[PDB]
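A short write-up of the structure that comes next.
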Amino acid sequence: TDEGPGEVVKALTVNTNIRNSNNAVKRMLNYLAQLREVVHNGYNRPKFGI
Amino acid sequence: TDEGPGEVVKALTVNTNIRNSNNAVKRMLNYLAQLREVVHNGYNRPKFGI
Amino acid sequence: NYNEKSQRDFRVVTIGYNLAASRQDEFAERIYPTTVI
Amino acid sequence: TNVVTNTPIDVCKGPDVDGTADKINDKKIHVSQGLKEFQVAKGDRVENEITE
Amino acid sequence: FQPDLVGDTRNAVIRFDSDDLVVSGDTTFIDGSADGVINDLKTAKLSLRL
Amino acid sequence: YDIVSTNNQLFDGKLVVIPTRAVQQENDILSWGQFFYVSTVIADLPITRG
Amino acid sequence: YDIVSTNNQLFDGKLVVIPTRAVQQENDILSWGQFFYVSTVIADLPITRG
Amino acid sequence: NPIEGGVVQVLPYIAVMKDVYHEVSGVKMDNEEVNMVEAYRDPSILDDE
Numbered sequence: 499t500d501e502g503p504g505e506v507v508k509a510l511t512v513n514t515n516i517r518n519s520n521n522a523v524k525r526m527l528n529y530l531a532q533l534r535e536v537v538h539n540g541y542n543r544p545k546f547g548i
Numbered sequence: 499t500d501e502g503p504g505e506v507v508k509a510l511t512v513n514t515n516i517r518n519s520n521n522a523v524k525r526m527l528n529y530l531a532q533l534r535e536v537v538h539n540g541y542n543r544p545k546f547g548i
Numbered sequence: 164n165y166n167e168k169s170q171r172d173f174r175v176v177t178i179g180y181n182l183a184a185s186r187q188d189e190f191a192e193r194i195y196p197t198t199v200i
Numbered sequence: 054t055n056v057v058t059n060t061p062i063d064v065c066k067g068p069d070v071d072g073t074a075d076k077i078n079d080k081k082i083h084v085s086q087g088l089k090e091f092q093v094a095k096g097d098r099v100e101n102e103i104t105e
Numbered sequence: 350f351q352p353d354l355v356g357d358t359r360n361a362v363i364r365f366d367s368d369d370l371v372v373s374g375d376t377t378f379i380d381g382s383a384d385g386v387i388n389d390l391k392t393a394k395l396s397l398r399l
Numbered sequence: 649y650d651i652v653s654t655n656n657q658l659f660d661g662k663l664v665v666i667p668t669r670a671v672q673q674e675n676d677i678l679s680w681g682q683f684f685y686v687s688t689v690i691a692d693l694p695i696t697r698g
Numbered sequence: 649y650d651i652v653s654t655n656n657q658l659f660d661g662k663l664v665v666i667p668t669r670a671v672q673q674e675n676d677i678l679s680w681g682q683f684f685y686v687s688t689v690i691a692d693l694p695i696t697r698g
Numbered sequence: 201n202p203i204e205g206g207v208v209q210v211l212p213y214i215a216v217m218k219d220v221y222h223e224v225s226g227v228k229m230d231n232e233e234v235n236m237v238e239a240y241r242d243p244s245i246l247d248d249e
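Protein chains in written order, with the deposited numbering: chain Y, 499 to 548; chain B, 499 to 548; chain A, 164 to 200; chain V, 54 to 105; chain U, 350 to 399; chain W, 649 to 698; chain E, 649 to 698; chain L, 201 to 249.
The structure is reproduced here in structure tokens:
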């Protein structure tokens, strides 16, 4: 096909952009789970590496 | 090779063009085969789908 | 025929389809503000 | 040598491209395709082939 | 094949509807043998429309 | 406080309260998280698969 | 009548008499058959086949 | 218009497909094909690792 890509080619960016927001949610939820474990354990003071 | 097939490429069309004539002969003979069966069978009046 | 009724010509409503997404949405942007690297 | 007397030939140019990375403006974009890629329009030309 | 008028625009629908298929005493089975029902059709000078 | 909402399936039935800086600065450590983005690219190349 | 000949091996030892319109028009149903020719597509791609 | 006597509703959209080969003995192509609009409610349909 000599004719160029249709507007659907921009859907690659839309698809990517939605994945970006989804990654933010997954990171948020997984981060909260990791924090829950740290605060559950005996870590109530600032420190590097916890 | 920097030099493309200058005239040899036209053989692709000549091959294709010969095949076109061959299809006409096969189509004619196959059509006659169907017509022989239909007129051999009792379809001596105009009808659709036969 | 006796009754010639349109069973083949129809109007077409040509349904639109318009979708978009920003680099990230308001929810993600407020939580994870964008920094260009 | 090969001679083609009278035959319409459609020669494709192809994708004249280099597979090089092209940066995009992802900040805000939208997509809006139409029915053309399906040719199902033109007054539903499949049943509306005859208008008489 | 006919285009699918209702549904996905890329469906191809076949609707073969024929009352005119003929089985006469001259037809053979896929084996090539004319026997059984066909033989009786031949001796009865009858043909079936299926 | 401020209110931000999502329709992500993963976040249904959840309320999470997170701090952020009242005024957002670029690359501000005081933001709850950060989204570090490098410009996306699209590649366009005919590839033989299989 | 008019006489048209071929040397196609498939059509050997046959005479078939068919009508056509004395003055051929474009897309004339009154021709015995039609050859519907769209195009011959030429494509050139450096495919790494295998 | 009485000349038409009806309406046809044509819905374009973008479908998300998985990268799946056709099976030799499959009853149907096992390729979760979903409307792209679904990604707004369940964005996970887009994840790829």
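Note that CB positions come from ideal geometry on N, CA and C, so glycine has one too.
| Item | Value |
| --- | --- |
| Euclidean distance between Cα positions of residue 354/U and residue 98/V | 11 Å |
| Extent of the continuous alpha helix (DSSP H) run through residue 510/B | 508-538 |
| Residue from 357/U, 352/U and 375/U whose Cα sits closest to the Cα of residue 539/B | 375/U |
| One or two residues paired with residue 88/V in a DSSP bridge | None; residue 88/V has no bridge partner. |
| Within-8 Å CB hit, residue 686/W to chain V | no |
| CB contact check: residue 248/L to chain W, cutoff 8 Å | no |
| Alpha helix (DSSP H) segment containing residue 386/U, residue limits | 386-393 |
| Candidates 689/E, 660/E and 666/E, of which the one nearest residue 67/V by Cα | 689/E |
| 8 Å Cβ cutoff, residue 658/W in contact with chain L | yes |
| Minimum C-alpha distance to residue 499/Y - residue among 661/E, 698/E and 692/E | 692/E |
| Best match in 61/V, 100/V and 55/V for proximity to residue 684/E [C-alpha to C-alpha] | 61/V |
| Beta-carbon gap between residue 200/A and residue 686/W smaller than 8 Å | yes |
| Any chain L beta carbon closer than 8 Å to residue 675/W | no |
| For residue 689/E: DSSP bridge partner residues | 63/V |
| Straight-line Cα distance separating residue 523/B from residue 659/E | 7 Å |
| Member of 399/U, 364/U and 383/U whose CA lies at the smallest distance from the CA of residue 392/U | 383/U |
| One or two residues paired with residue 75/V in a DSSP bridge | 690/W |
| Residue nearest to residue 514/B in terms of C-alpha spacing, selected from 73/V, 59/V and 74/V | 59/V |
| Cβ-Cβ separation, residue 243/L to residue 656/W (assumed contact under 8 Å), whole Å | 6 Å |
| Cβ-Cβ distance between residue 224/L and residue 239/L below 8 Å | no |
| Residue of 395/U, 387/U and 399/U minimising C-alpha distance to residue 378/U | 387/U |
| Among 218/L, 219/L and 212/L, nearest to residue 179/A - alpha-carbon criterion | 212/L |
| Stretch pair the segment 82-96 of chain V + the segment 180-187 of chain A: three plus CB contacts closer than 8 Å | yes |
| Residue burial classification, residue 654/W (beta-carbon count within 10 angstroms, cutoff 16) | buried |
| Opposing strand residues paired with residue 197/A [DSSP bridges] | 683/W |
| Residues near residue 371/U in its chain [Cβ-Cβ closer than 8 Å; skip 5 each side] | 396, 397, 398 and 399 |
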